[PDB]
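Following: one structure in structure tokens, then a few remarks.
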Amino acid sequence: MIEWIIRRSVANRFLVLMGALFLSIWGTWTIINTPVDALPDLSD
Amino acid sequence: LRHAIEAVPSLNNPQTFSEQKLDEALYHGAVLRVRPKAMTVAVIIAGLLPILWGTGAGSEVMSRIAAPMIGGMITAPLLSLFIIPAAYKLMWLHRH
Amino acid sequence: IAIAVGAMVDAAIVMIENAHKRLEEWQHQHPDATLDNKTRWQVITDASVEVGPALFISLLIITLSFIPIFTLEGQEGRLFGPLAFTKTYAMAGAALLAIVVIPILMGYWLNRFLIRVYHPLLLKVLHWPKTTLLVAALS
């Protein structure tokens with residue numbers, strides 16, 4: 001299953017390239033605007 | 001160690017027995033791991049090592065959670081390169 | 001995420017490496033001064049043949065053998081919960097990316113003195129291999 005899926009993406013080649021490019025910037029945007037706190041509120 | 005006894009040296013084993021031929025199929029599946037292995041353990045311990053030094057706010061809970069992995073990632077590799085092999089060379093003999 | 005980075009690189013390299021010795025055989029079986037963009041296209045996409053599933057399912061392992069942690073109830077659960085989440089998202093990320101981009105990125109772009117200290121003790125482990133398994137249980 002895994003091997004066949006490798007050939008799919010390799011075929012995609014370019015279209016995937018800009019997919020991980022635009023997702024990289026989008027991802028860079030989320031982190032810039034992400035809230036922050038010491039720990040994850042653990043109060044009952 | 002499986003595809004080593006699944007390549008061309010795996011044409012001699014299934015048909016007849018040859019200790020010094022299955023030993024060669026293991027000695028190559030041993031130098032072929034040397035490169036990927038030694039670096040896998042490296043980058044896993046290297047990228048895990050900074051959080052083992054508990055200085056700063058929060059380091060306390062991260063060092064407690066990295067030491068088991070870091071310390072557990074020295075006996076896991078070191079030993080598995082001798083226990084896994086010398087155990088597969090023993091199971092392959094049972095079914096045979 | 002801190003622990004996630006330790007494996008996200010283990011996804012790329014273990015694949016890249018199995019492609020480094022695959023380009024060290026086609027170079028030994030064929031000439032040397034002749035290679036095209038397609039001739040280099042086949043040798044690296046053939047390292048995705050063996051270790052391909054080996055890592056996607058192993059990084060699927062790292063993530064799932066960890067799931068049982070989410071069953072932490074209350075204070076403890078709210079704590080290491082988000083740590084498991086981010087650790088899992090980032091693993092399924094560098095795993096689902098190591099099967100879509102990592103192969104392409106590596107195609108678009110003293111090992112001696114450690115091998116000599118290992119195999120003296122490796123051929124030694126093949127001495128009554130049931131003796132080293134006796135030493136193991138003692139560990």
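The chains in the structure tokens are called A, B, ... from first to last as shown; in each chain the residues are counted from 1, and the ligands are counted from 1 in the order shown.
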
Q: May I have the residues within 9 Å of region 40-43 of chain A as a ChimeraX atom specification, using only C-alpha atoms and disregarding those fewer than 2 positions away in the same chain?
A: /A:37-38 /C:74-82

Those selected residues, please, written with N, CA and C atoms and delivered as a compact mmCIF listing (two decimals), in the first residue's frame.
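Contents of again_27.txt, freshly written:
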```
# COMPACT_ATOMS: atom_id res chain seq x y z
N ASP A 37 0.24 30.20 26.92
CA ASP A 37 0.08 30.12 28.37
C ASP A 37 1.08 29.11 28.90
N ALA A 38 1.44 29.24 30.17
CA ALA A 38 2.41 28.33 30.79
C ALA A 38 2.05 26.87 30.52
N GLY C 74 -8.61 13.63 34.08
CA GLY C 74 -8.51 14.81 34.93
C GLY C 74 -7.21 15.57 34.79
N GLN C 75 -6.78 16.17 35.90
CA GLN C 75 -5.59 17.02 35.93
C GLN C 75 -4.44 16.49 35.07
N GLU C 76 -4.09 15.22 35.27
CA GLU C 76 -3.00 14.63 34.51
C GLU C 76 -3.31 14.57 33.02
N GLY C 77 -4.56 14.25 32.69
CA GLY C 77 -4.98 14.12 31.31
C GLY C 77 -4.92 15.43 30.55
N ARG C 78 -5.29 16.52 31.22
CA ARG C 78 -5.26 17.83 30.60
C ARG C 78 -3.82 18.27 30.35
N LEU C 79 -2.89 17.67 31.07
CA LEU C 79 -1.48 18.05 30.97
C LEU C 79 -0.80 17.40 29.78
N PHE C 80 -0.50 16.11 29.90
CA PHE C 80 0.23 15.38 28.87
C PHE C 80 -0.63 15.09 27.65
N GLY C 81 -1.90 15.49 27.71
CA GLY C 81 -2.80 15.33 26.59
C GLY C 81 -2.32 16.11 25.38
N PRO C 82 -2.28 17.45 25.50
CA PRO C 82 -1.80 18.34 24.45
C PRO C 82 -0.38 18.01 24.00
```

Q: Write out as an MDAnalysis selection string every residue belonging to chain C that has an atom at most 12 Å from any atom of chain B, counting only C-alpha atoms.
A: chainID C and resid 1:22 50:51 54 79:80 83 110:137 139

(Q) Need the shell around region 96-108 of chain C: protein/DNA/RNA residues with any atom at most 9 Å away, counting only C-alpha atoms. Skip same-chain ones fewer than 6 positions apart. Format as a list in words? (A)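 Listing them by chain and then by number gives residues 2, 3, 5, 6, 7, 8, 9, 10, 12, 13, 16, 17 and 20 of chain A; 8, 11, 12, 15, 16, 40, 41, 44, 45, 48, 52 and 56 of chain C.
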
Q) If you measure from CA of residue 21 (chain B) to CA of residue 94 (chain B), what distance in Å do you get, rounded to one decimal? A)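 Distance reported for this atom pair: 17.3 Å.
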
(Q) I'd like the interatomic distance between CA of residue 29 (chain B) and CA of residue 77 (chain B), to a tenth of an Å. (A)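 Taking CA of residue 29 (chain B) and CA of residue 77 (chain B), their separation equals 15.2 Å.
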